[PDB]
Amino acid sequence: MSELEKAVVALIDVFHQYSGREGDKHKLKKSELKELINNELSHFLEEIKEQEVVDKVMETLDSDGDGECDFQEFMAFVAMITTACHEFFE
């Protein structure tokens, strides 16, 4: 497999490390999204310590309105937190 295919499989793996913990095993509820951001995105985002901050993050990404982050919405979230990076690649 290519570097790209290995990165995609790695992305899916970590998403499931969090979505599979509670309730719907294929979506992140707020407590799972909080842990993923704090444990795994520490270079891209500030640690979340307040409930109101997690609420807003979820509200900003939850495009279909079900209260949870599915894989499609997570992938869009990954794109949003990378916006500043592209200029450095060009």
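Under this definition, the rigid core comprises the largest set of C-alpha atoms superposing within 1.5 Å between the forms. Sequential numbering from 1, following the sequence displayed.
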| item | value |
| --- | --- |
| Farther-lying stretch by C-alpha RMS in 6 other deposited structures of this protein, rigid core as reference, of 18 to 26 and 76 to 84 | 76 to 84 |
| Between stretches 67 to 75 and 5 to 13, more displaced by Cα RMS in 6 other deposited structures of this protein (rigid core superposition) | 5 to 13 |
| Mean C-alpha B-factor comparison - 48 to 56 and 27 to 35, higher one | 48 to 56 |
| 18 to 26 or 78 to 86, whichever carries the higher mean Cα B-factor | 18 to 26 |
| Third assignment of residue 13 from its chain's C-alpha B-factors | middle |
| Cα B factor band for residue 73 (lowest, middle or highest third within the chain) | lowest |
